[PDB]
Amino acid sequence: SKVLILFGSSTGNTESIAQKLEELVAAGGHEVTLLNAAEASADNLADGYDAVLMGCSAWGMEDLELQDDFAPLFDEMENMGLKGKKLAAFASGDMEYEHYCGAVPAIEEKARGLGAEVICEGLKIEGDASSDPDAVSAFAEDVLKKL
C-alpha cells in the first residue's frame, strides 16, 4: 500500500502530526509520500495511491473555514479520484474555539459521499504531535491494521 499524506498547516501543528504519521506508517512497511497542500493539485491527486490520509486546521470559529492551503483542495475533492480508495482524516485544533477540529467530520462526510472508504474515525488533537503522542500512535496503529 502506497499512502499519500496531505496536510494544510499555518503554524506547523497539523504538519507535525503529518510528519509523525509518515514515520509510523512507513515503519509499518508502506511506501509513503508527504505532501503539503500548498504545493498540491486536486486533479487526480489520489492516482497511484491506495490510501490518502488528509488533515488540516480550522480557522472560522462560528463557521467552518479550512486552512488556506487546504480549502481549495477540499472544494475540488470530487476531482481527486478517491472512489474506492481508503481514507482517514486528522487535525490539530484548539478546544477554546467553536468547530473543534471541524475539518475531520467535514472531510469524512465529503469523502464518503465520493466513494472513498474512511478507514477509521479521524484523529483530533490540540496543539502539535508532541502534546499528545499516544493518541497519534494509536491512530497510526488503527490505520496500519486497516491498510
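Just count from 1 along the sequence shown to find any residue number.
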query	finding
Between 74 to 82 and 97 to 105 (mean CA B-factor, as deposited), the higher	74 to 82
Which of 5 to 13 and 129 to 137 has higher mean CA B factor, as the PDB entry lists it	129 to 137
Among 44, 36, 33, 92 - the residue whose C-alpha B-factor is largest in the record	44
Largest Cα B-factor, entry values, listed residues 61, 52, 56, 26	61
Assigned third (lowest, middle, highest) for the C-alpha B factor of residue 121	highest
B-factor third for the C-alpha atom of residue 66 within its chain	lowest
